[PDB]
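Take a look at the structure set out below.
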Amino acid sequence: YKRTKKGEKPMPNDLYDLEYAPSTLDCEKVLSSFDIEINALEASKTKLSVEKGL
Amino acid sequence: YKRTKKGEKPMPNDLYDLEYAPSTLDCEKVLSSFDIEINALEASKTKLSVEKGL
Amino acid sequence: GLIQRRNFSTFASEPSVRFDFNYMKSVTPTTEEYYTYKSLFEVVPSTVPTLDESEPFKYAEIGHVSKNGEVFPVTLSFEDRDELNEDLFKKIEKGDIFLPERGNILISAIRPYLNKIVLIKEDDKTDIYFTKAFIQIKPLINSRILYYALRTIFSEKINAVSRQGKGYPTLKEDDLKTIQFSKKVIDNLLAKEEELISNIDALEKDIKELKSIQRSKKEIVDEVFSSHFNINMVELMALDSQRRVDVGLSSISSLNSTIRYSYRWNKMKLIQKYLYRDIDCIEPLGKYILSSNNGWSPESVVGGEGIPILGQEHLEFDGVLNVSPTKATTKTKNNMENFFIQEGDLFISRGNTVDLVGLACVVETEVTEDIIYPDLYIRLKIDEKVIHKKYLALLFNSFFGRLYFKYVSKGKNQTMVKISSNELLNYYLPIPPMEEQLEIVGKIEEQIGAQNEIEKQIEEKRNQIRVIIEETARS
Amino acid sequence: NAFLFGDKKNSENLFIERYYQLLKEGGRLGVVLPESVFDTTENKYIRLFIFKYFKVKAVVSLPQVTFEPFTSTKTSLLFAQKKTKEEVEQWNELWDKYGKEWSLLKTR
DNA sequence: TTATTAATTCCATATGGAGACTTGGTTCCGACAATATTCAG
DNA sequence: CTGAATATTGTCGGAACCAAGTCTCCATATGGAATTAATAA
């Protein structure tokens with residue numbers, strides 16, 4: 756960090772490195788979230804396609 | 756003036772200027788301190804010369 | 002100050018009815034010619050440039066420009082995105098970047114008194130971008146003419162329309178579109194256009210030639226000691242990079258005499274083991290020092306009345322005192338004569354940054370005026386038979402006197418790092434025979450003398466340009 | 540009345556001494572000290588204390604930006620263990636023997 | 001006995017400071033144009 | 001069904017500034033410089 760009287764700012768940490776990639780990840784949760792978002796976008800596309808047909 | 760976390764600092768005065776002459780001082784009031792300045796010194800001279808002869 | 006008197010009406014001038022003292026000082030009644038921004042320059046609106054994300058471009062802040070209009074661009078790539086330059090990339094992505102159109106005269110908005118006016122000459126290459134804090138002002142009466150008419154002359158009036166406003170002195174394009182440029186200036190300057198550009202180009206070509214061979218005042222001291230002691234220049238700045246110094250308990254006591262176990266002390270000991278691998282000349286300085294004083298640093302007023310006092314800015318990398326006092330005191334100490342410099346002294350610097358601590362200087366100037374040196378100096382009176390004071394000062398200003406005092410000097414506030422007599426007396430400097438000395442000195446003396454000789458020629462042609470412009474615009 | 544150096548007018552070092560009164564003969568000690576403790580001579584005593592009772596094991600020099608914009612004061616992390624009851628007495632025995640040697644040598 | 005260092009108090013120097021000052025130009029909120037939408041009777 | 005809405009985006013204005021670079025002026029023990037009563041002698 757480099758904090759100042761206006762705010763914080765990232766700098767290259769020499770003390771330690773963050774994990775970034777978690778050791779454990781709920782893969783099915785992530786897949787289901789992506790499936791939900793793509794299904795929502797597909798439903799929006801289908802609704803607007805029905806509107807286009809009308 | 757010239758202020759700093761270590762006390763003020765005199766600078767030239769562009770706005771105004773102090774008279775520095777009271778123009779209301781009595782006269783003999785300060786002459787009392789003036790003659791005390793010599794009275795104390797001559798008293799010390801006497802208080803050493805008394806035992807000088809001793 | 003001033004007893005300027007004006008008349009309500011005046012503040013009617015300009016579409017912001019402003020009545021700060023500076024503007025109203027610049028207004029004055031006028032009887033001569035007027036002009037406007039019309040028959041001269043023209044402000045250019047900003048635009049977002051199409052940056053190519055495959056090649057290293059350039060960029061230029063306001064600090065990257067100098068008072069002489071010499072841009073020093075930095076080279077970014079968009080393939081690095083390092084967190085050190087991340088601010089630059091972020092402000093570029095924000096939209097704080099544009100590209101001059103080869104003929105405009107960029108003017109800085111913030112603090113316009115520091116001559117940040119720069120010229121993008123027509124015939125050139127290696128296009129450089131710029132910050133929106135610069136004002137594209139592309140002219141119609143030839144770029145060079147307007148550039149030289151704005152740099153030296155027409156500067157008391159660009160600086161008198163700035164917005165102080167509880168902070169930054171700042172110039173605004175709208176105010177910039179209101180200056181009352183006289184015609185006699187441009188009339189006379191364009192009248193002599195055919196030869197003014199020629200001789201000014203010759204002068205700036207000579208300036209470029211001088212700058213091409215100009216060298217820094219520290220590298221000269223850095224190379225001769227490197228070229229005389231046979232030490233490679235690319236390892237002591239590579240050994241100083243790795244930071245994993247490991248020491249034992251036994252090594253703490255060695256030559257310590259105060260049990261100091263800070264990291265910087267151990268790294269100093271490691272670097273000393275490298276700077277003296279092949280050099281066999283090292284002798285303790287403690288047995289060549291005969292005395293040590295500090296100085297006297299009372300309260301001081303800048304440009305006041307009293308005995309002048311030196312500062313840390315007066316010690317340069319060449320072992321010569323700058324003896325250009327600024328502060329002046331009026332206090333007494335009943336022993337002031339003990340600190341009145343006098344020629345021949347050696348003054349090491351106690352108290353400065355981690356890199357500017359230990360810089361010594363010899364008073365080589367003859368001054369009949371008594372000048373006090375502060376508590377921030379240390380006067381060394383060494384035997385003038387083995388050390389040759391000037392050589393000692395040059396060594397202190399060399400990497401020998403940098404890689405040591407950067408890692409031995411003490412204090413919790415590393416912004417005012419200070420040395421003490423202990424580090425001076427426990428300093429194992431390499432002292433070659435007196436024959437070897439006066440050779441490093443002398444060589445360094447002539448090299449720095451040449452560098453200083455071409456330091457007034459630059460500020461002789463750069464002044465010749467200004468005086469020629471002033472004479473031509475006044476004839 | 541509870542600190543060996545409780546009269547040095549350097550009260551901020553008392554905490555270090557306090558840390559000896561809290562650990563349990565092998566207790567880890569991680570402190571953010573200033574670099575005056577490690578550099579200046581006036582603190583030599585508190586450096587001997589740490590070298591007598593503790594088992595100094597790691598020193599890390601942090602930049603002058605860590606505690607900014609509140610202070611540019613340099614800092615160092617000190618990671619020291621605490622010696623057991625026998626290590627301190629071994630140090631005392633060695634100190635006494637070599638001090639006797641030093642006294643005899645100084646007289647001679 | 002006439003010394004005596006080893007005890008003292010008294011100032012000039014030396015070391016250090018949760019530092020402090022100074023030249024100069026950078027981030028960034030915050031209005032504010034220009035959207036940025038209209039629905040709505 | 002004409003509308004100039006509001007509703008955001010994206011961008012000029014502007015900062016009891018303040019991040020960078022680097023010079024300081026002053027408390028405070030010290031230690032030595034003066035004693036001392038000691039100290040043999």
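Quick mapping for you: the protein sequence lines, in order, are chains A, B, C and D.
Here PDB author numbering runs 755 ahead of the position in the first sequence, where the first position is 1.
Here PDB author numbering runs 755 ahead of the position in the second sequence, where the first position is 1.
Here PDB author numbering runs 1 ahead of the position in the third sequence, where the first position is 1.
Here PDB author numbering runs 539 ahead of the position in the fourth sequence, where the first position is 1.
Where a beta carbon is used, it is the ideal one built from N, C-alpha and C, also for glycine.
Closer than 7 Å to the CB of D/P573 there is not a single CB belonging to chain A. Less than 7 Å separates the beta-carbon of D/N552 from that of D/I585. With a contact defined as Cβ atoms closer than 8 Å, C/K139 and C/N105 qualify at about 4 Å.
In the DSSP annotation of this structure, C/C282 is not part of any alpha helix (DSSP H), being labelled neither H nor E. DSSP, read as helix, strand or coil, puts A/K761 in coil. For the stretch 80 to 97 of chain C, the residues whose beta carbon sits under 7 Å from a beta carbon of chain A are, in order, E84. In the three-state reduction of the DSSP assignment, C/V442 falls in the helix class, which pools H, G and I. As DSSP reads the structure, D/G569 sits in a beta bridge with D/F618. In the structure shown, the three-state DSSP call for B/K800 is helix. Contact check for C/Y60 against C/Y130 passes: the beta carbons are separated by less than 7 Å. B/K807 sits in a helix when the DSSP states are folded into three classes.
Shown here for C/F73: same chain residues with a beta carbon closer than 6 Å to its own, the five before and five after excluded, namely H65 in chain order. Within chain B, the C-beta atoms nearer than 9 Å to that of C/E300 come from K761, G762 and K764, in chain order.
Ranked by how close their Cα comes to the Cα of C/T416, the residues C/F230, C/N353, C/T153 and C/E300 have C/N353 in first place. Leaving aside the five residues that flank C/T473 on each side, the residues in its chain whose CB is nearer than 8 Å to its CB run, in chain order, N189, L190, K193 and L197.
Around the C-beta of B/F789, fewer than 16 other C-beta atoms lie within 10 Å, and the residue is accordingly described as exposed.
Closest option to C/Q458, judged by alpha-carbon separation, among C/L240, C/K206 and C/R403: C/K206. Per DSSP, C/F400 is not a residue of any alpha helix (DSSP H), being assigned neither H nor E. Secondary structure at C/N339: helix, using DSSP grouped into helix, strand and coil. Inter-residue distance for D/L633 and D/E564 is about 20 Å (C-alpha atoms, whole angstroms). Under a criterion of Cβ atoms nearer than 9 Å, no residue of chain C is adjacent to A/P777; the nearest Cβ is some 23 Å distant.
Bridge partners of C/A361 according to DSSP: C/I349. Contact annotation, C/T366 with C/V409: C-beta distance approximately 30 Å; criterion of less than 8 Å not satisfied.
By the C-beta criterion, the stretch 572 to 586 of chain D is judged not to be in contact with the stretch 620 to 629 of chain D, since fewer than 3 inter-stretch pairs fall below 8 Å. Counting only unbroken stretches of 4 or more residues, the alpha helix (DSSP H) elements lying wholly within the stretch 138 to 166 of chain C are 144 to 152, in sequence order. Distance from the Cα of C/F230 is smallest, within the candidate group C/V368, C/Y275, C/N423 and C/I349, for C/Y275.
C/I455 sits away from C/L204, with the two beta carbons spaced by 7 Å or more. Secondary structure note for C/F58: it is in no alpha helix (DSSP H), and the uninterrupted beta strand (DSSP E) holding it is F58 to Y60. C/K26 has its alpha-carbon roughly 8 Å from the corresponding atom of C/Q5. Judged by their CB atoms, C/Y374 and C/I342 are nearer to each other than the 7 Å cut-off. In the DSSP assignment, D/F593 falls within the beta strand (DSSP E) that extends over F593 to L601. For C/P309, the pairing in a beta bridge is given by DSSP as C/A329. Counting along the chain, D/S575 sits inside the alpha helix (DSSP H) bounded by residues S575 to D578. Under the Cβ distance rule, C/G2 counts among the residues neighbouring chain B, one pair being separated by less than 7 Å. Rounded to whole angstroms, the separation of the alpha carbons of B/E806 and B/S799 is 12 Å.
Going by DSSP, C/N295 is part of no beta strand (DSSP E) at all; its letter is neither H nor E.
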